[PDB]
Amino acid sequence: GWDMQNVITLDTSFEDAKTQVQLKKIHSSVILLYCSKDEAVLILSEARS
Amino acid sequence: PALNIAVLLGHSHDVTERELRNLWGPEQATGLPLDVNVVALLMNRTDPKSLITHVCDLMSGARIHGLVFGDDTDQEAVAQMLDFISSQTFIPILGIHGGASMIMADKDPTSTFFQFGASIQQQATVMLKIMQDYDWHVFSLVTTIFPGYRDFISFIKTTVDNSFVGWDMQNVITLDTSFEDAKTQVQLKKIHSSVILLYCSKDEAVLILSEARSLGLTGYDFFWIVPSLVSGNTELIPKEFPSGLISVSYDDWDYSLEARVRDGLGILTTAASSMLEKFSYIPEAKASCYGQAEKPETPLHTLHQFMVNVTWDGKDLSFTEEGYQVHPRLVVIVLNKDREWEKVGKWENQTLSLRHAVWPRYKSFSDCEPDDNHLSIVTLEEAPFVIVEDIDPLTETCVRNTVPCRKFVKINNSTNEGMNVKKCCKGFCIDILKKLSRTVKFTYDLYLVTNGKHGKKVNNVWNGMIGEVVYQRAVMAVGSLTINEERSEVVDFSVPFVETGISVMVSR
Amino acid sequence: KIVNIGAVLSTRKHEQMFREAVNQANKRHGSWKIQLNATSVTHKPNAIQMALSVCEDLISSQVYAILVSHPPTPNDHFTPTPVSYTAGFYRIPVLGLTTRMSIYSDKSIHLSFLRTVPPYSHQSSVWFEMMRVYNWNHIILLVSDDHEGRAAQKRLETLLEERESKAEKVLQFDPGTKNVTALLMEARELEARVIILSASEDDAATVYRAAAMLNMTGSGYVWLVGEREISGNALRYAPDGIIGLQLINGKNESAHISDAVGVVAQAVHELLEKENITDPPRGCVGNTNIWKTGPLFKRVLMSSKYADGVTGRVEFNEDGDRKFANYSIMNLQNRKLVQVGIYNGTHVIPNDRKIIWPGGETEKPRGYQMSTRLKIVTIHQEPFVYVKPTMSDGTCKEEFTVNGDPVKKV
Amino acid sequence: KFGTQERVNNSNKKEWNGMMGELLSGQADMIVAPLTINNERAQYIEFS
């Protein structure tokens with residue numbers, strides 16, 4: 001049993017209106033992230049916030 | 001006897017003294033045991049020293065037993081000054097329009113200053129009634145350090161804790177510090193799809209709404225409800241206000257200034273009449289504001305207990321102990337797509353009546369994501385599948401295991417129009433629809449069909465659920481719909497979830 | 001360049017010392033850039049006289065802030081109310097010197113009203129600190145029906161919310177009521193023994209007399225009250241062992257005047273370096289527009305902290321009231337008042353003095369007394385609770401079971 | 001009445017009747033009767 005809840009692509013910037021409603025959709029407890037290290041820092045900071 | 005009542009208006013209103021006198025002119029037995037000699041006056045603008053001088057001069061010369069003040073500007077500083085003048089001179093003052101109509105929290109116990117407005121408690125009650133009517137049970141609460149916010153939050157919590165609706169108050173947000181600088185954003189980031197009760201001044205509410213738009217909190221399913229404190233001057237609409245911003249206020253469209261003056265004069269006359277019936281006679285006003293009269297100055301008989309139970313022209317304009325109208329003329333307005341405050345609902349005799357039975361979707365901004373997850377669904381009442389019932393008398397909302405559904409019921413056999421009554425639909429098909437909604441993750445606005453009955457091609461025109469679906473008035477039909485060849489040709493059917501043939505039933 | 005500061009004071013020497021304090025502040029900050037001209041007026045018996053006088057003399061003088069204080073006459077019936085309204089019209093900040101009334105704490109009524117003394121409602125905070133010291137959990141509130149009682153009750157309840165605790169009861173009585181015996185009778189049956197009172201002096205005296213008459217001031221009871229309950233007539237009937245609060249410089253005028261002048265001067269100096277500063281309106285009549293930078297001035301004042309205030313570190317909270325004031329806990333012994341500790345901004349520290357609780361005992365009494373008279377409620381259920389009428393003798397006839405054992409009846 | 005959370009007609013406030021009202025109002029400190037325990041009653045009072 002694999003639960004592909006959603007597959008989100010953060011195409012735009014990581015602080016604007018989009019990529020905030022998208023990140024709110026993650027209700028699961030495990031998140032597989034894939035990006036560059038500099039983008040990983042921003043995404044994880046936003047997730048912490 | 002003779003009762004002197006002074007009516008003060010500002011220069012902005014295009015109203016003349018002659019018609020102020022005529023407002024108490026036709027002599028239709030308005031005053032049964034007394035004769036009212038209305039004296040009117042207009043001031044160019046309201047500033048303190050002129051206000052005190054005018055009130056004192058009218059008290060001295062005209063010997064007025066009351067006062068009716070109508071202000072033109074929105075200066076909130078006039079209400080407390082009027083209250084202070086009433087406390088000092090024991091002159092019953094009635095706030096009518098403008099700054100005089102701004103509700104004050106606490107007034108001097110010795111003051112007889114009443115206002116024609118709605119307190120924050122009544123605005124909270126009407127907004128909660130709106131929320132209950134549209135099944136917005138889940139909601140949040142964002143406030144600031146603006147005065148009275150603690151009272152508003154306390155009243156909201158008290159009403160939530162003592163309601164059978166089953167409210168879902170997610171959290172209480174207080175952006176006390178800087179909005180876009182400090183940790184406040186983090187709090188604003190933990191709000192999910194629900195109704196946001198926002199309470200703050202307009203200047204900072206613009207910033208709050210702009211930040212919310214920057215945080216993606218202004219989607220199609222986010223409904224912002226705000227009180228009249230922020231929705232002030234209608235003509236001033238900042239560009240940061242999203243469309244569909246539900247608000248409540250005191251109506252200035254229908255309830256005109258002349259009606260306000262007539263109501264105030266009627267209330268004063270009725271209170272004076274009841275006081276004449278109860279007490280001995282109408283007391284003379286104070287001698288003068290000045291002079292420092294050596295006296296307790298408290299009248300033996302006052303107009304406080306007589307203003308509590310007042311009825312005029314069939315309207316119940318009674319006042320509470322604090323000075324709030326028992327039946328305020330509250331109106332519910334929204335910001336439509338044309339960026340203009342449009343009236344939607346009204347609040348009369350503790351009942352809220354709305355023009356829209358079901359909430360229409362409003363595009364918050366020109367760049368808002370188009371609404372595709374909201375589906376309009378037709379349905380026909382069938383005994384085992386779709387059971388239609390009335391609202392629960394206990395909780396005044398649709399009960400569990402049912403869904404809202406609006407039926408367009410005609411007024412009577414004479415007229416051709418009708419009203420949309422929100423009943424509760426349940427049954428097999430409703431359960432299937434709920435499961436489909438939970439699985440596919442789509443919202444719906446269920447509504448019964450009144451044109452036809454199960455669909456029929458007459459004059460090459462379909463009616464019923466088939467007719468509504470084919471003509472794009474709805475997305476899907478969930479009712480007890482039989483899959484037929486012509487219907488399958490006209491519309492696309494899903495897989496049959498229950499086998500229903502044609503059968504013959506007879507008495508045993 | 002010249003900046004006017006207005007003042008409404010009680011006695012001529014008060015305005016004289018206010019003027020010399022303004023001069024001292026000007027010399028300290030430097031008058032080369034801006035000169036602080038001080039204008040002042042005495043109080044008048046009529047409130048409308050104040051309303052006209054502030055317009056004719058204070059508003060017409062292009063003042064930036066008005067410092068208001070109570071009159072020499074012991075009357076304290078909302079004396080600074082008119083000024084706070086009139087200067088509130090133009091959002092001109094008003095500094096309350098010795099006004100401890102809490103109705104002004106509501107910024108909704110008074111748009112711009114600062115003060116250097118905490119109001120009576122803030123006294124509740126001190127009582128909460130006592131909860132953390134003597135471990136008292138169950139209390140009775142005796143607030144009044146006026147605004148002070150409601151505000152004090154609300155603040156105490158809000159403070160107790162963080163502890164996930166609530167007061168046992170909140171008894172409310174109308175101001176100036178001769179008979180209050182019913183409330184004390186209702187409070188007597190309650191298990192809690194900690195009484196907190198906050199009302200006017202006459203009501204406090206009436207409640208004290210009723211409590212003394214009802215044997216309410218005996219051992220096992222503790223009384224916590226505000227300043228108004230231990231000053232004046234309320235002192236003469238005050239039972240022994242009560243604990244009240246006194247502000248260190250509550251009745252002092254010199255220190256408050258000096259500190260307020262200093263803080264307003266510092267705020268003016270900090271404000272005048274900003275751009276597009278608008279001078280205050282001149283003349284009460286014919287000028288209806290609000291001050292453009294009035295709200296900015298109030299925000300500057302509320303965000304200004306005095307360095308070395310005579311009364312202490314002057315600091316204003318979000319409600320525009322003084323924060324972190326030194327409270328002296330005052331205890332009544334053998335019909336005399338003695339200090340048994342001091343409360344700083346956050347904590348309470350006692351002294352070498354021994355606290356004498358009511359009843360004469362020196363040991364700290366328990367917060368509440370256990371009630372062994374449990375009031376039992378029961379419903380008539382035939383298989384469980386048979387109910388039978390009694391005879392004229394007061395008890396119903398006794399029966400026996402199949403084993404012969406008597407059946408117990410109550 | 002055993003006790004049931006009922007909406008009073010005026011002011012629309014939840015109020016408990018019967019033994020529940022007597023216990024919650026302080027007139028009684030203990031209920032000893034065939035009182036069925038459930039979610040609604042256990043929210044406001046504590047059962048042994």
# chains A, B, ... in the order shown; residues from 1 in each chain; ligands from 1
>>> select_by_dssp(residues="chain A", states="helix (DSSP H, G or I)", output="list in words")
residues 21, 22, 23, 24, 37, 38, 39, 40, 41, 42, 43, 44, 45, 46, 47 and 48 of chain A
>>> residues_around(residues="stretch 462-466 of chain B", least_positions_apart="2", cutoff="9 Å", atoms="only C-alpha atoms", output="ChimeraX atom specification")
/B:377-380,448-460,468-471,474,476-479,481,487,490-491
>>> write_last_selection(atoms="N, CA and C atoms", output="PDB file, in the first residue's frame")
ATOM      1  N   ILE B 377     -25.289  20.516  -8.758  1.00  0.00           N
ATOM      2  CA  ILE B 377     -25.860  19.182  -8.888  1.00  0.00           C
ATOM      3  C   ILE B 377     -27.374  19.277  -8.804  1.00  0.00           C
ATOM      4  N   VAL B 378     -28.055  18.671  -9.772  1.00  0.00           N
ATOM      5  CA  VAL B 378     -29.505  18.575  -9.754  1.00  0.00           C
ATOM      6  C   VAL B 378     -29.908  17.289  -9.047  1.00  0.00           C
ATOM      7  N   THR B 379     -31.158  17.244  -8.593  1.00  0.00           N
ATOM      8  CA  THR B 379     -31.653  16.096  -7.848  1.00  0.00           C
ATOM      9  C   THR B 379     -33.173  16.116  -7.881  1.00  0.00           C
ATOM     10  N   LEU B 380     -33.777  14.932  -7.911  1.00  0.00           N
ATOM     11  CA  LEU B 380     -35.220  14.780  -7.816  1.00  0.00           C
ATOM     12  C   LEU B 380     -35.554  13.923  -6.604  1.00  0.00           C
ATOM     13  N   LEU B 448     -32.618  21.022  -5.899  1.00  0.00           N
ATOM     14  CA  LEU B 448     -33.650  20.205  -6.518  1.00  0.00           C
ATOM     15  C   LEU B 448     -34.125  20.829  -7.824  1.00  0.00           C
ATOM     16  N   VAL B 449     -34.633  19.982  -8.706  1.00  0.00           N
ATOM     17  CA  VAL B 449     -35.150  20.413  -9.998  1.00  0.00           C
ATOM     18  C   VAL B 449     -36.654  20.617  -9.887  1.00  0.00           C
ATOM     19  N   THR B 450     -37.143  21.708 -10.477  1.00  0.00           N
ATOM     20  CA  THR B 450     -38.563  22.028 -10.457  1.00  0.00           C
ATOM     21  C   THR B 450     -39.173  22.146 -11.845  1.00  0.00           C
ATOM     22  N   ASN B 451     -38.365  22.120 -12.904  1.00  0.00           N
ATOM     23  CA  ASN B 451     -38.898  22.281 -14.253  1.00  0.00           C
ATOM     24  C   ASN B 451     -39.660  21.039 -14.698  1.00  0.00           C
ATOM     25  N   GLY B 452     -38.984  19.895 -14.737  1.00  0.00           N
ATOM     26  CA  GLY B 452     -39.608  18.672 -15.200  1.00  0.00           C
ATOM     27  C   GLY B 452     -39.675  17.585 -14.148  1.00  0.00           C
ATOM     28  N   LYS B 453     -39.638  16.328 -14.588  1.00  0.00           N
ATOM     29  CA  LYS B 453     -39.740  15.190 -13.678  1.00  0.00           C
ATOM     30  C   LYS B 453     -39.056  14.005 -14.355  1.00  0.00           C
ATOM     31  N   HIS B 454     -37.833  13.701 -13.923  1.00  0.00           N
ATOM     32  CA  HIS B 454     -37.006  12.603 -14.414  1.00  0.00           C
ATOM     33  C   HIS B 454     -36.599  12.758 -15.872  1.00  0.00           C
ATOM     34  N   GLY B 455     -36.900  13.884 -16.511  1.00  0.00           N
ATOM     35  CA  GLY B 455     -36.483  14.096 -17.881  1.00  0.00           C
ATOM     36  C   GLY B 455     -37.461  13.558 -18.904  1.00  0.00           C
ATOM     37  N   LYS B 456     -37.741  14.354 -19.932  1.00  0.00           N
ATOM     38  CA  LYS B 456     -38.638  13.961 -21.009  1.00  0.00           C
ATOM     39  C   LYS B 456     -38.435  14.910 -22.176  1.00  0.00           C
ATOM     40  N   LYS B 457     -38.252  14.349 -23.368  1.00  0.00           N
ATOM     41  CA  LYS B 457     -38.007  15.149 -24.566  1.00  0.00           C
ATOM     42  C   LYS B 457     -39.349  15.576 -25.140  1.00  0.00           C
ATOM     43  N   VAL B 458     -39.740  16.813 -24.848  1.00  0.00           N
ATOM     44  CA  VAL B 458     -40.952  17.413 -25.393  1.00  0.00           C
ATOM     45  C   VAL B 458     -40.535  18.568 -26.293  1.00  0.00           C
ATOM     46  N   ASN B 459     -41.063  18.579 -27.518  1.00  0.00           N
ATOM     47  CA  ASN B 459     -40.721  19.592 -28.516  1.00  0.00           C
ATOM     48  C   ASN B 459     -39.210  19.661 -28.722  1.00  0.00           C
ATOM     49  N   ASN B 460     -38.566  18.492 -28.687  1.00  0.00           N
ATOM     50  CA  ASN B 460     -37.112  18.375 -28.805  1.00  0.00           C
ATOM     51  C   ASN B 460     -36.391  19.167 -27.717  1.00  0.00           C
ATOM     52  N   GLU B 468     -31.759  19.984 -17.220  1.00  0.00           N
ATOM     53  CA  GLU B 468     -30.814  20.879 -16.563  1.00  0.00           C
ATOM     54  C   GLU B 468     -29.377  20.541 -16.937  1.00  0.00           C
ATOM     55  N   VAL B 469     -29.054  19.251 -17.035  1.00  0.00           N
ATOM     56  CA  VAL B 469     -27.682  18.852 -17.330  1.00  0.00           C
ATOM     57  C   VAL B 469     -27.315  19.185 -18.771  1.00  0.00           C
ATOM     58  N   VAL B 470     -28.211  18.899 -19.720  1.00  0.00           N
ATOM     59  CA  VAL B 470     -27.871  19.092 -21.127  1.00  0.00           C
ATOM     60  C   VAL B 470     -27.692  20.573 -21.440  1.00  0.00           C
ATOM     61  N   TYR B 471     -28.482  21.438 -20.804  1.00  0.00           N
ATOM     62  CA  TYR B 471     -28.396  22.873 -21.025  1.00  0.00           C
ATOM     63  C   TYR B 471     -27.378  23.545 -20.112  1.00  0.00           C
ATOM     64  N   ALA B 474     -26.268  22.641 -14.740  1.00  0.00           N
ATOM     65  CA  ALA B 474     -25.686  21.875 -13.649  1.00  0.00           C
ATOM     66  C   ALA B 474     -24.688  20.889 -14.234  1.00  0.00           C
ATOM     67  N   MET B 476     -24.017  17.544 -12.879  1.00  0.00           N
ATOM     68  CA  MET B 476     -24.354  16.132 -12.804  1.00  0.00           C
ATOM     69  C   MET B 476     -25.733  15.961 -12.188  1.00  0.00           C
ATOM     70  N   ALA B 477     -26.326  14.797 -12.438  1.00  0.00           N
ATOM     71  CA  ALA B 477     -27.588  14.395 -11.832  1.00  0.00           C
ATOM     72  C   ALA B 477     -27.326  13.192 -10.938  1.00  0.00           C
ATOM     73  N   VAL B 478     -27.736  13.286  -9.675  1.00  0.00           N
ATOM     74  CA  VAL B 478     -27.424  12.248  -8.700  1.00  0.00           C
ATOM     75  C   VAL B 478     -28.708  11.533  -8.297  1.00  0.00           C
ATOM     76  N   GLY B 479     -29.849  12.068  -8.721  1.00  0.00           N
ATOM     77  CA  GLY B 479     -31.129  11.497  -8.350  1.00  0.00           C
ATOM     78  C   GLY B 479     -31.368  10.106  -8.903  1.00  0.00           C
ATOM     79  N   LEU B 481     -32.077   8.218 -11.427  1.00  0.00           N
ATOM     80  CA  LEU B 481     -32.142   8.439 -12.865  1.00  0.00           C
ATOM     81  C   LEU B 481     -31.948   7.116 -13.591  1.00  0.00           C
ATOM     82  N   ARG B 487     -31.421   9.053 -23.386  1.00  0.00           N
ATOM     83  CA  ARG B 487     -30.670   9.790 -22.378  1.00  0.00           C
ATOM     84  C   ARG B 487     -29.173   9.560 -22.531  1.00  0.00           C
ATOM     85  N   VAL B 490     -27.992  11.674 -25.294  1.00  0.00           N
ATOM     86  CA  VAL B 490     -27.954  13.104 -25.000  1.00  0.00           C
ATOM     87  C   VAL B 490     -26.883  13.434 -23.969  1.00  0.00           C
ATOM     88  N   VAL B 491     -26.802  12.653 -22.890  1.00  0.00           N
ATOM     89  CA  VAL B 491     -25.834  12.884 -21.827  1.00  0.00           C
ATOM     90  C   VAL B 491     -25.052  11.602 -21.584  1.00  0.00           C
TER      91      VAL B 491
END
>>> interface_residues(of="chain B", to="chain C", cutoff="9 Å", atoms="only C-alpha atoms", output="short mmCIF file (atom, residue, chain, number, x, y, z; two decimals) with N, CA, C and O atoms, in the first residue's frame")
data_model
loop_
_atom_site.label_atom_id
_atom_site.label_comp_id
_atom_site.auth_asym_id
_atom_site.auth_seq_id
_atom_site.Cartn_x
_atom_site.Cartn_y
_atom_site.Cartn_z
N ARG B 45 -20.71 72.74 10.77
CA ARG B 45 -19.81 71.64 11.09
C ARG B 45 -19.80 71.46 12.60
O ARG B 45 -20.14 72.38 13.36
N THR B 46 -19.41 70.27 13.04
CA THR B 46 -19.43 69.90 14.45
C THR B 46 -18.01 69.92 15.00
O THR B 46 -17.20 69.03 14.70
N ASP B 47 -17.71 70.94 15.80
CA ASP B 47 -16.50 71.03 16.60
C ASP B 47 -16.90 71.35 18.03
O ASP B 47 -17.97 71.92 18.27
N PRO B 48 -16.06 70.99 19.02
CA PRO B 48 -16.52 71.00 20.41
C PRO B 48 -17.15 72.30 20.89
O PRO B 48 -18.34 72.31 21.19
N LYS B 49 -16.39 73.40 20.91
CA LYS B 49 -16.87 74.61 21.58
C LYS B 49 -18.21 75.07 21.00
O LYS B 49 -19.12 75.44 21.75
N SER B 50 -18.34 75.02 19.67
CA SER B 50 -19.62 75.34 19.05
C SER B 50 -20.70 74.38 19.50
O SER B 50 -21.85 74.78 19.71
N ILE B 52 -20.96 72.72 22.45
CA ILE B 52 -21.42 73.05 23.80
C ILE B 52 -22.24 74.33 23.79
O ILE B 52 -23.29 74.42 24.43
N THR B 53 -21.76 75.35 23.07
CA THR B 53 -22.49 76.62 23.04
C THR B 53 -23.89 76.43 22.47
O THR B 53 -24.86 76.96 23.02
N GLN B 75 -16.83 61.39 12.08
CA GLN B 75 -15.95 61.59 13.22
C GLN B 75 -16.51 60.87 14.44
O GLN B 75 -17.58 61.22 14.94
N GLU B 76 -15.79 59.85 14.91
CA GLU B 76 -16.23 59.09 16.07
C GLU B 76 -16.07 59.85 17.38
O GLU B 76 -16.52 59.35 18.41
N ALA B 77 -15.44 61.02 17.36
CA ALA B 77 -15.22 61.80 18.57
C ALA B 77 -16.47 62.53 19.05
O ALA B 77 -16.44 63.11 20.14
N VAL B 78 -17.55 62.52 18.28
CA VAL B 78 -18.75 63.25 18.67
C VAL B 78 -19.61 62.47 19.65
O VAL B 78 -20.31 63.06 20.48
N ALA B 79 -19.57 61.13 19.60
CA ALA B 79 -20.45 60.32 20.43
C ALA B 79 -20.16 60.53 21.91
O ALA B 79 -21.08 60.76 22.71
N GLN B 80 -18.89 60.45 22.31
CA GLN B 80 -18.56 60.60 23.72
C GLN B 80 -18.82 62.02 24.20
O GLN B 80 -19.22 62.23 25.35
N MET B 81 -18.59 63.01 23.34
CA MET B 81 -18.87 64.38 23.74
C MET B 81 -20.36 64.59 23.96
O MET B 81 -20.77 65.26 24.91
N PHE B 84 -21.20 63.05 27.27
CA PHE B 84 -20.79 63.92 28.37
C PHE B 84 -21.76 65.08 28.54
O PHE B 84 -22.10 65.45 29.67
N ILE B 85 -22.19 65.69 27.43
CA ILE B 85 -23.15 66.79 27.52
C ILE B 85 -24.46 66.31 28.12
O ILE B 85 -25.07 67.00 28.95
N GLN B 88 -24.02 65.93 31.83
CA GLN B 88 -23.97 67.20 32.55
C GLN B 88 -25.32 67.91 32.60
O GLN B 88 -25.65 68.50 33.64
N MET B 104 -21.00 53.40 21.30
CA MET B 104 -20.00 53.47 22.35
C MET B 104 -20.08 52.24 23.24
O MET B 104 -21.16 51.68 23.44
N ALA B 105 -18.93 51.82 23.76
CA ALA B 105 -18.89 50.61 24.59
C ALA B 105 -19.60 50.84 25.92
O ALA B 105 -20.61 50.20 26.22
N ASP B 106 -19.08 51.76 26.73
CA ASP B 106 -19.61 52.02 28.06
C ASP B 106 -19.95 53.50 28.17
O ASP B 106 -19.15 54.36 27.77
N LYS B 107 -21.12 53.80 28.70
CA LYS B 107 -21.57 55.17 28.89
C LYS B 107 -21.72 55.48 30.38
O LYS B 107 -21.78 54.59 31.22
N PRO B 109 -23.36 56.15 33.76
CA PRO B 109 -24.67 55.71 34.28
C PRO B 109 -25.65 56.85 34.48
O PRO B 109 -26.87 56.63 34.38
N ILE B 145 -5.08 44.69 18.11
CA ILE B 145 -5.14 45.29 19.44
C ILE B 145 -6.08 46.48 19.41
O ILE B 145 -6.06 47.32 20.32
N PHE B 146 -6.90 46.57 18.37
CA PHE B 146 -7.86 47.65 18.29
C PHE B 146 -8.83 47.57 19.46
O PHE B 146 -9.19 46.46 19.89
N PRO B 147 -9.26 48.70 20.02
CA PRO B 147 -10.08 48.66 21.23
C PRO B 147 -11.36 47.87 21.03
O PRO B 147 -11.98 47.91 19.97
N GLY B 148 -11.76 47.16 22.08
CA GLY B 148 -12.93 46.32 22.04
C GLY B 148 -12.71 44.93 21.48
O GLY B 148 -13.66 44.14 21.42
N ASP B 176 -0.60 41.55 17.35
CA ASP B 176 -0.35 42.73 18.18
C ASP B 176 0.84 43.55 17.66
O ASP B 176 0.80 44.78 17.67
N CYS B 289 -26.21 75.75 31.70
CA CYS B 289 -25.02 74.92 31.84
C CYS B 289 -24.08 75.48 32.90
O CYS B 289 -23.44 74.73 33.64
N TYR B 290 -23.99 76.81 32.98
CA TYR B 290 -23.00 77.48 33.80
C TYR B 290 -23.60 77.84 35.16
O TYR B 290 -24.73 77.48 35.49
N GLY B 291 -22.82 78.56 35.96
CA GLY B 291 -23.28 79.10 37.22
C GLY B 291 -22.98 78.24 38.44
O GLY B 291 -23.01 78.77 39.56
N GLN B 292 -22.69 76.95 38.25
CA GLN B 292 -22.38 76.03 39.34
C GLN B 292 -23.51 76.03 40.38
O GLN B 292 -23.35 76.44 41.53
#
>>> atom_distance(atom1="atom CA of residue C:303", atom2="atom CA of residue B:152")
25.7 Å
>>> interface_residues(of="chain A", to="chain B", cutoff="10 Å", atoms="only C-alpha atoms", output="PyMOL selection string")
chain A and resi 15-22+24-25+46+48-49
>>> interface_residues(of="chain D", to="chain B", cutoff="8 Å", atoms="only C-alpha atoms", output="PDB file with C-alpha atoms, in the first residue's frame")
ATOM      1  CA  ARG D   7     -32.023  24.966  24.654  1.00  0.00           C
ATOM      2  CA  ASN D  12     -30.606  30.681  23.341  1.00  0.00           C
ATOM      3  CA  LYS D  13     -28.399  29.367  26.151  1.00  0.00           C
ATOM      4  CA  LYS D  14     -27.634  25.737  26.904  1.00  0.00           C
TER       5      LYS D  14
END
>>> closest_atom_pairs(of="chain D", to="chain C", cutoff="10 Å", atoms="only C-alpha atoms", output="Markdown table")
| residue | atom | partner | partner_atom | distance |
| --- | --- | --- | --- | --- |
| D:1 | CA | C:379 | CA | 8.1 |
| D:2 | CA | C:379 | CA | 7.2 |
| D:18 | CA | C:379 | CA | 8.9 |
| D:19 | CA | C:377 | CA | 6.7 |
| D:20 | CA | C:377 | CA | 9.6 |
| D:22 | CA | C:377 | CA | 7.6 |
| D:23 | CA | C:377 | CA | 7.7 |
| D:26 | CA | C:375 | CA | 8.9 |
| D:27 | CA | C:375 | CA | 7.1 |
| D:28 | CA | C:375 | CA | 4.6 |
| D:29 | CA | C:375 | CA | 5.2 |
| D:30 | CA | C:376 | CA | 5.3 |
| D:31 | CA | C:377 | CA | 5.3 |
| D:32 | CA | C:378 | CA | 5.8 |
| D:33 | CA | C:378 | CA | 5.6 |
| D:34 | CA | C:384 | CA | 7.4 |
| D:35 | CA | C:379 | CA | 9.3 |
>>> select_by_dssp(residues="stretch 135-380 of chain C", states="strand (DSSP E)", output="ChimeraX atom specification")
/C:139-143,169-170,194-198,222-225,243-247,327-333,336-343,348-350,376-377
>>> write_last_selection(atoms="C-alpha atoms", output="short mmCIF file (atom, residue, chain, number, x, y, z; two decimals), in the first residue's frame")
data_model
loop_
_atom_site.label_atom_id
_atom_site.label_comp_id
_atom_site.auth_asym_id
_atom_site.auth_seq_id
_atom_site.Cartn_x
_atom_site.Cartn_y
_atom_site.Cartn_z
CA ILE C 139 -11.68 32.27 45.94
CA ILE C 140 -14.82 34.41 46.07
CA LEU C 141 -15.10 37.66 44.12
CA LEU C 142 -17.10 40.59 45.45
CA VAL C 143 -16.92 43.00 42.52
CA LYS C 169 -18.15 32.47 42.47
CA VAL C 170 -18.35 36.05 41.22
CA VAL C 194 -10.47 33.47 50.27
CA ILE C 195 -12.45 36.68 49.71
CA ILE C 196 -11.35 39.27 47.15
CA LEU C 197 -13.18 42.60 47.18
CA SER C 198 -13.08 45.62 44.88
CA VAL C 222 -8.45 35.92 54.33
CA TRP C 223 -9.38 39.23 52.69
CA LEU C 224 -7.56 40.71 49.71
CA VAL C 225 -8.68 44.21 48.70
CA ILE C 243 -4.56 42.64 53.12
CA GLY C 244 -4.80 45.67 50.85
CA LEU C 245 -2.71 47.33 48.16
CA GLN C 246 -1.20 50.81 48.08
CA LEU C 247 0.64 52.52 45.26
CA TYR C 327 2.86 48.03 45.00
CA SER C 328 3.10 48.01 48.80
CA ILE C 329 1.13 45.23 50.47
CA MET C 330 -0.58 46.82 53.46
CA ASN C 331 -1.78 44.80 56.47
CA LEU C 332 -4.18 45.96 59.19
CA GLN C 333 -3.00 45.20 62.73
CA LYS C 336 -3.27 50.31 62.47
CA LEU C 337 -1.66 49.82 59.06
CA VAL C 338 1.79 48.25 58.60
CA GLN C 339 3.74 47.17 55.53
CA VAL C 340 4.37 43.42 55.29
CA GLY C 341 6.06 43.26 51.89
CA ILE C 342 6.48 44.93 48.53
CA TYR C 343 5.53 43.90 44.99
CA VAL C 348 6.24 39.82 45.62
CA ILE C 349 8.94 39.92 48.31
CA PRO C 350 7.94 40.06 52.00
CA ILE C 376 -27.22 14.75 47.84
CA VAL C 377 -29.74 14.76 44.99
#
>>> residues_around(residues="residue B:195", least_positions_apart="6", cutoff="9 Å", atoms="only C-alpha atoms", output="list in words")
residues 131, 136, 137, 138, 139, 140, 141, 221, 222, 223, 224 and 225 of chain B
>>> residues_around(residues="stretch 342-356 of chain B", least_positions_apart="5", cutoff="9 Å", atoms="only C-alpha atoms", output="ChimeraX atom specification")
/B:126,129-130,133,248,251,316,326-336,420
>>> decode(residues="stretch 41-45 of chain B", atoms="N, CA and C atoms", output="CSV table (one decimal), in the first residue's frame")
chain,number,residue,atom,x,y,z
B,41,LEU,N,-32.5,73.1,14.1
B,41,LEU,CA,-31.3,73.9,13.9
B,41,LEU,C,-30.3,73.1,13.1
B,42,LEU,N,-29.6,73.8,12.2
B,42,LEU,CA,-28.5,73.3,11.4
B,42,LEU,C,-27.2,74.0,11.8
B,43,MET,N,-26.1,73.2,12.0
B,43,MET,CA,-24.8,73.7,12.1
B,43,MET,C,-23.9,73.3,10.9
B,44,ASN,N,-23.1,74.3,10.5
B,44,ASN,CA,-22.2,74.0,9.4
B,44,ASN,C,-21.3,72.8,9.6
B,45,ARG,N,-20.7,72.7,10.8
B,45,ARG,CA,-19.8,71.6,11.1
B,45,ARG,C,-19.8,71.5,12.6
